[PDB]
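These notes concern the structure reproduced below.
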Amino acid sequence: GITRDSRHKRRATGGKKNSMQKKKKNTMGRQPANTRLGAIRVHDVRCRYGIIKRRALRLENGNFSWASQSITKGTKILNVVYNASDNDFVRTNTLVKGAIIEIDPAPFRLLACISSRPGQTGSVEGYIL
Amino acid sequence: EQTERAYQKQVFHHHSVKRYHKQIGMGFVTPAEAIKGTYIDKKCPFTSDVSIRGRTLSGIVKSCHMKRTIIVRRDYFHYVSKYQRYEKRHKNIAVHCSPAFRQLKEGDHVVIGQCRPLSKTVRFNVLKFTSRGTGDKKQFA
Amino acid sequence: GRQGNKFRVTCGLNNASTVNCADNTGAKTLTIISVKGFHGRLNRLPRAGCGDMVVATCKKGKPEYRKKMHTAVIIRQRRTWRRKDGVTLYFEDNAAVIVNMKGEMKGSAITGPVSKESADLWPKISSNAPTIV
Amino acid sequence: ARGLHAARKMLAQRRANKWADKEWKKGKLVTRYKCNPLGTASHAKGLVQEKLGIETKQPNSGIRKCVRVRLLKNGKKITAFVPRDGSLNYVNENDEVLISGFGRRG
Amino acid sequence: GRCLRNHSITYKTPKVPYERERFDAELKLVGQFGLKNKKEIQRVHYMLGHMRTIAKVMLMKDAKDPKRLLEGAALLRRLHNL
Amino acid sequence: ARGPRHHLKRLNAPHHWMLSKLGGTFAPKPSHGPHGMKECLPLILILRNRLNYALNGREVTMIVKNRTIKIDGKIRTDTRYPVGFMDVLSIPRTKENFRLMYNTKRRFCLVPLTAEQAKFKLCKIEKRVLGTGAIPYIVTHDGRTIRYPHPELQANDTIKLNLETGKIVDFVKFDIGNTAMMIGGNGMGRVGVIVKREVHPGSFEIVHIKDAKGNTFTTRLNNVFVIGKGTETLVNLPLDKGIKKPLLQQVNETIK
RNA sequence: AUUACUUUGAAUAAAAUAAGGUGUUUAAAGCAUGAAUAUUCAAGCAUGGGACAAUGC
RNA sequence: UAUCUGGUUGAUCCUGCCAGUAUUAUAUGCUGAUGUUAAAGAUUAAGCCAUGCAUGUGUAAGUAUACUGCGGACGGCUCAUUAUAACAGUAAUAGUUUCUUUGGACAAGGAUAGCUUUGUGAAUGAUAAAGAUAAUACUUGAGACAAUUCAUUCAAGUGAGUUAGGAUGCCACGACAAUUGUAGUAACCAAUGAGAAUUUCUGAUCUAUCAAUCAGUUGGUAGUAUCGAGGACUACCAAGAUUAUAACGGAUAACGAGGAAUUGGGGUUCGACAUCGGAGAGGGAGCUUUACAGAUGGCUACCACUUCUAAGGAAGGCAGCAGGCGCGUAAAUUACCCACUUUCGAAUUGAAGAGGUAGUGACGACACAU
């Protein structure tokens with residue numbers, strides 16, 4: 001699959017590396033699971049050494065936080081507003097860390113930046129500016 | 001200071017936000033400009049969480065054209081056993097230059113130290129620098 | 001080497017009509033030269049249908065096959081032909097497998113489908129076919 | 001180039017000056033595997049084609065019986081010296097004959 | 001290398017193969033000791049050189065050399081009871 | 001290699017295992033346990049080389065499996081159990097006990113242990129870690145995890161452990177007025193008194209130790225195993241006391 | 001002020017190189033007390049000296 | 001043993017090379033009384049293979065009027081690849097980490113085996129469906145935290161840490177077999193682990209009839225991906241990186257190291273092969289099981305081969321041990337046994353062409369008939 005090894009790159013001087021062996025399984029790699037908006041749907045992928053990763057494709061509820069009053073209540077996310085990694089990620093409404101999202105402050109009153117790894121943790125968390 | 005797209009924020013941030021500077025280890029001093037400065041760096045040995053391990057080399061800074069990274073040159077020797085004579089050699093190493101050292105220029109002695117892989121070729125941090133002469137090329141970082 | 005009575009198949013390959021080579025004998029294209037069993041007529045070019053043994057020269061392939069005259073059998077053709085049970089079918093491209101007079105296929109595999117008319121005619125071909133359309 | 005720090009010129013000089021010998025250079029050119037009929041082999045098997053007699057050089061006289069042998073690995077033609085007195089009769093046409101160098105090296 | 005079990009040689013042929021100053025002296029020892037062939041003469045010659053070098057390497061250092069005292073005392077001791 | 005290695009070749013085994021070179025192609029691989037791979041002696045070799053109880057290794061299984069050999073406070077049934085440092089070793093079926101100890105000649109020596117002094121075994125503190133729940137505990141040399149220890153203990157001291165009760169008895173600090181026995185390389189098998197320790201902030205800490213007869217030797221901090229405080233010997237030292245004879249009474253003595 | 005140089009140590013796979021011991025009947029062998037066994041060229045770590053040396057105020 | 005000798009001339013003195021010389025490793029002619037030891041399909045073909053064996057396992061402690069568990073990811077063979085790649089010494093993981101081992105409701109719900117019940121094919125370790133039947137196979141159930149994610153705080157040993165730990169708000173998995181003899185399980189911490197994997201410094205043959213090379217290329221930001229750091233990948237930004245101290249490229253009949261042959265000192269040649277590391281199972285490519293495989297005595301597709309056939313189809317990878325053809329100057333028996341060493345297992349017993357013995361054996365080493 002996708003190998004993260006350094007045998008397909010070049011040297012610091014521009015020279016091309018020459019192959020000696022095939023791909024090694026210790027260089028695993030899995031296709032990104034862009035966490036979009038939608039119903040709760042989280043898969044479980046079996047990683048190396050038997051550990052299980054909560055692989056998330058779509059979630060709508062995320063556990064937020066706001067430190068000025070120390071209250072953490074989950075809420076539904078409306079849509080992604082702005083992303084600092086890529087501009088085409090805004091339209092697809094993907095959920096990635098460090099992406100500005102807009103929410104409904106229904107349980108915060110009675111602009112959120114994601115600070116988790118929803119593709120790996122399986123859940124969405126954030127905070128309020 | 002704050003000019004790029006993403007919100008450049010320091011890894012260890014605390015409200016009075018305070019400037020987090022940790023004191024360095026093996027007999028080095030923290031630069032004065034690094035305390036009162038408004039700069040930000042996520043790989044600086046002082047203001048971030050990168051540790052300098054046992055390996056430590058030194059050399060002369062060769063290039064200062066790369067953003068927050070410089071190239072050091074080490075003109076060492078190699079002993080040829082058969083001829084009983086040494087042949088001069090060199091090796092170039094890219095070291096991550098923190099923006100704490102603003103007067104660093106090409107041709108300045110620098111003490112480097114190992115750390116975790118920061119990029120494809122950069123695996124070291126600058127620890128101190130010393131001034132030298134000039135050649136009309138006062139090229140800083 | 002043929003085993004049976006071929007029906008009527010509308011021949012769509014002429015003289016000097018390049019066909020592919022479904023075989024695995026290191027030959028690419030074989031331009032038809034003649035057709036075995038062709039009852040000719042004045043000013044008429046030899047016609048090859050489906051399941052018709054031909055005589056073709058290899059103009060592209062391995063050196064021991066290039067520039068020589070071989071004997072082939074057409075396994076699929078692009079000219080629409082009608083089966084007797086009212087089916088009107090045609091393939092994607094022409095192709096032909098190198099055989100000998102006894103019918104013993106020279107290769108060992110066939111790429112793509114094989115028309116039914118050219119499978120029962122030569123039992124040595126139907127075995128190697130992936131599918132028989 | 002005697003200097004203590006000049007260990008690159010001396011090494012480079014010897015690398016350059018070593019290519020001019022007629023003996024070691026034969027051991028690094030790829031000609032033994034290419035132009036030598038024997039190659040790196042001790043013995044060569046072949047087939048007899050022609051019987052030929054080479055007259056000796058100027059001071060000597062007489063005809064040296066020999067055979068033109070075609071190898072089985074390269075196909076080249078080499079003249080072979082029949083060993084003993086009256087031994088040309090023992091060899092025949094189209095038979096396996098072993099060919100193995102001479103006293104002078106190669 | 002092919003085998004774990006060690007091996008060694010005992011006799012080395014003299015460089016010059018034919019000398020009349022070495023053929024005569026060989027039968028002055030072969031006939032005297034009643035030896036079978038010339039293998040034995042080469043074997044003792046290896047033995048003498050086996051320790052002659054050992055005495056020569058350690059003779060070049062000072063009398064206070066710890067290795068000279070350690071192996072030298074063993075070298076003289078081994079060669080005295082023999 | 002695709003994963004873990006199982007077969008240990010004869011030569012790849014550590015040299016202090018007394019093994020030959022023509023005996024066989026393989027050597028018994030010590031399993032995971034309380035001590036390292038090269039810091040150990042497998043239990044199979046102890047009962048066949050040092051003890052000479054069994055003609056071959058087949059009969060070792062007909063011994064350990066019978067619940068015969070007792071090590072530390074428990075009793076094992078593993079043929080190749082890893083036996084390392086001076087942990088006690090009791091065999092009640094033969095009424096005799098030993099102790100795996102180093103010696104100045106770079107080997108593994110067995111000092112007999114009486115029934116009165118086999119009730120406890122020394123252990124070396126490796127690191128002090130503040131566990132979860134504000135529960136500190138110290139990892140010992142044999143990998144033993146112990147509960148709440150004395151708070152005065154450091155990470156490089158020594159603790160006098162008991163087998164049955166499993167509690168700390170006495171503690172000896174790592175200071176300048178104590179004695180230690182080495183487990184290192186050239187210096188292992190040597191006992192002496194620490195006289196000076198130099199700290200290098202770069203890589204290592206180097207300590208100077210003086211023998212009983214005045215001999216001074218240098219070693220690394222990782223090799224130090226404190227045996228007592230104030231030239232007092234808390235366990236039975238080997239037959240040679242652990243002194244380093246200057247090879248004057250080895251070449252000459254062995255003649256007679 | 002570094003570096004080189006030089007003296008020391010530490011750690012440094014076995015096999016093997018030269019062997020310490022050991023009458024396989026000698027020897028090739030073998031380790032039946034395990035020589036401190038010395039090994040590490042090139043590099044690297046700490047250290048006593050600065051004559052010769054390279055770096056510029 | 002710090003060693004020379006014949007050869008240009010009528011003769012002499014030199015440079016100069018040819019041949020002679022001694023030794024290691026290959027082949028071969030002739031001869032070949034023994035005892036001990038011992039190499040042995042690599043050079044040209046990592047070419048192709050008929051056959052036979054080489055991975056299986058049951059204690060009282062899982063299920064008994066085959067299921068389940070572990071292993072085949074070790075061992076063994078070959079040297080095709082490979083030129084700062086690998087490897088060796090060394091340093092880091094304050095940038096990651098398992099398997100095994102050692103220290104911390106007097107009982108629930110089920111159907112799937114064995115054996116059949118009726119068979120279908122010429123076969124493939126071929127496969128159909130009807131009846132039940134147990135769990136240490138699967139869910140539950142409860143008898144009571146731990147550890148991860150996120151936002152915020154108290155802040156120390158440590159060469160060095162807003163760090164081990166503690167306290168908050170909160171999400172998530174959520175336990176200690178409904179466990180067997182007349183030991184077994186879930187997790188969490190640590191050691192085994194100087195281990196495995198990445199990585200720091202130094203070190204490689206010839207070539208300039210190879211002088212300029214690189215565009216994910218050099219670095220930064222932010223994310224993704226992976227057990228884990230990182231252009232490993234992605235979007236944006238700047239133009240940067242190497243280079244006469246030999247960059248980029250080319251050849252090897254190049255796996256590297258420990259080492260071997262030969263040496264007065266200095267050196268030269270070799271090393272696939274005892275042991276360590278690396279790579280591969282006709283060729284790449286893609287994946288399954290699992291703690292570790294890009295596994296090939298596992299699977300699939302393609303290219304090239306091989307075997308049976310009822311002409312409808314089926315599997316196979318001897319660069320494993322013997323043995324067959326070819327290749328060549330060039331290389332052994334289609335043997336027996338787990339007794340020695342060791343490994344695997346449901347564990348004192350069962351298995352091993354690993355291993356040992358026997359057989360051929362003038363590659364070699366030691367004593368030695370006449």
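If you're wondering about the labels, chains in the structure tokens are A, B, ... by order shown, residues count from 1 in each chain, ligands from 1 in order shown.
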Determine, counting only C-alpha atoms (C1' of nucleotides), which protein, DNA and RNA residues have an atom within 6 Å of an atom of region 113-126 of chain C; residues of the same chain fewer than 6 positions away are not included. Present the result as a CSV table (one decimal) with N, CA and C atoms, in the first residue's frame.
```
chain,number,residue,atom,x,y,z
C,2,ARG,N,-10.4,-29.6,-38.3
C,2,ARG,CA,-11.7,-29.1,-37.9
C,2,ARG,C,-12.6,-30.2,-37.7
C,3,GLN,N,-13.5,-30.0,-36.7
C,3,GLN,CA,-14.5,-31.1,-36.3
C,3,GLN,C,-15.9,-30.5,-36.4
C,4,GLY,N,-16.5,-30.6,-37.6
C,4,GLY,CA,-17.9,-30.2,-37.7
C,4,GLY,C,-18.2,-29.3,-38.9
C,50,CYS,N,-15.4,-16.0,-39.1
C,50,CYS,CA,-15.0,-16.5,-37.8
C,50,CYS,C,-14.9,-18.0,-37.8
C,51,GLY,N,-13.8,-18.5,-37.3
C,51,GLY,CA,-13.6,-19.9,-37.4
C,51,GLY,C,-13.0,-20.4,-38.7
C,75,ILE,N,-10.7,-15.9,-34.1
C,75,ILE,CA,-11.5,-16.2,-32.9
C,75,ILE,C,-12.5,-15.1,-32.6
C,76,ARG,N,-12.3,-13.9,-33.0
C,76,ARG,CA,-13.3,-12.9,-32.9
C,76,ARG,C,-13.1,-11.8,-33.9
C,132,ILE,N,-16.3,-18.4,-23.9
C,132,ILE,CA,-16.7,-18.7,-25.3
C,132,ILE,C,-18.0,-18.0,-25.5
C,133,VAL,N,-18.0,-16.8,-26.2
C,133,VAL,CA,-19.2,-16.1,-26.5
C,133,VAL,C,-19.9,-16.6,-27.7
```
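Selecting chain E residues within 6 Å of chain H and counting only C-alpha atoms (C1' of nucleotides) yields residues 2, 3, 4, 7 and 15 of chain E.
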### Task
Find the spatial neighbours of residue 70 (chain B), counting only C-alpha atoms (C1' of nucleotides), within a cut-off of 10 Å - ignore same-chain residues fewer than 4 positions away - and output them as a ChimeraX atom specification.
/B:61-66,93-98,104-106,122,125-126,140-141 /H:219
### Query
Neighbours of residue 26 (chain B) within 8 Å (only C-alpha atoms (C1' of nucleotides); same-chain residues fewer than 2 positions away dropped), as a VMD selection string?
(chain B and resid 24 28) or (chain F and resid 201 to 202) or (chain H and resid 159 to 160)
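One finds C1' of residue 73 (chain H) at 15.7 Å from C1' of residue 280 (chain H).
Using only C-alpha atoms, we find that the part of chain A lying within 12 Å of chain B comprises residues 5, 6, 9, 10, 11, 12, 13, 67, 68, 82, 83, 84, 85, 86, 87, 97, 98, 99, 100, 113 and 129 of chain A.
Among D:82, D:1, D:91, D:6, the residue with the shortest atom-to-atom distance to chain B, counting only C-alpha atoms, is D:6.
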Per residue of chain H within 9 Å of chain D, which atom pair is closest and at what distance in Å (one decimal), using only C-alpha atoms (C1' of nucleotides), listed by chain and increasing number, as JSON lines?
```
{"residue": "H:19", "atom": "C1'", "partner": "D:104", "partner_atom": "CA", "distance": 8.4}
{"residue": "H:26", "atom": "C1'", "partner": "D:42", "partner_atom": "CA", "distance": 8.3}
{"residue": "H:27", "atom": "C1'", "partner": "D:42", "partner_atom": "CA", "distance": 6.8}
{"residue": "H:44", "atom": "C1'", "partner": "D:73", "partner_atom": "CA", "distance": 8.9}
{"residue": "H:206", "atom": "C1'", "partner": "D:28", "partner_atom": "CA", "distance": 8.1}
{"residue": "H:253", "atom": "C1'", "partner": "D:33", "partner_atom": "CA", "distance": 7.9}
{"residue": "H:328", "atom": "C1'", "partner": "D:73", "partner_atom": "CA", "distance": 8.9}
{"residue": "H:329", "atom": "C1'", "partner": "D:43", "partner_atom": "CA", "distance": 5.1}
```
### Message
Env of residue 84 (chain B): 10 Å cut, atoms = only C-alpha atoms (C1' of nucleotides), seq-sep filter 5 positions within chain, self excluded. Answer as an MDAnalysis selection string.
### Response
(chainID B and resid 79) or (chainID D and resid 4:5 7)
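In this structure, the chain G residues at most 12 Å away from chain E are residues 15, 16, 18, 19, 20, 21, 27, 28, 29, 30, 35, 36, 37 and 38 of chain G, with only C-alpha atoms (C1' of nucleotides) considered.
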Tell me as a PDB file with N, CA, C and O atoms, in the first residue's frame which residues belonging to chain A come within 12 Å of chain F, counting only C-alpha atoms.
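Below is the file that was written, selection-v4.pdb:
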```
ATOM      1  N   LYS A  24       8.394  -3.098   2.602  1.00  0.00           N
ATOM      2  CA  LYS A  24       8.367  -3.754   3.901  1.00  0.00           C
ATOM      3  C   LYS A  24       7.076  -3.399   4.625  1.00  0.00           C
ATOM      4  O   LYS A  24       6.625  -2.251   4.577  1.00  0.00           O
ATOM      5  N   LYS A  25       6.485  -4.388   5.297  1.00  0.00           N
ATOM      6  CA  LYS A  25       5.219  -4.156   5.981  1.00  0.00           C
ATOM      7  C   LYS A  25       5.343  -3.154   7.119  1.00  0.00           C
ATOM      8  O   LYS A  25       4.348  -2.514   7.470  1.00  0.00           O
ATOM      9  N   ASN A  26       6.535  -2.991   7.695  1.00  0.00           N
ATOM     10  CA  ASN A  26       6.708  -2.002   8.752  1.00  0.00           C
ATOM     11  C   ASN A  26       6.601  -0.573   8.241  1.00  0.00           C
ATOM     12  O   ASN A  26       6.781   0.363   9.028  1.00  0.00           O
TER      13      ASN A  26
END
```
### Separation of CA of residue 38 (chain C) from CA of residue 72 (chain C), in Å and rounded to one decimal
14.6 Å
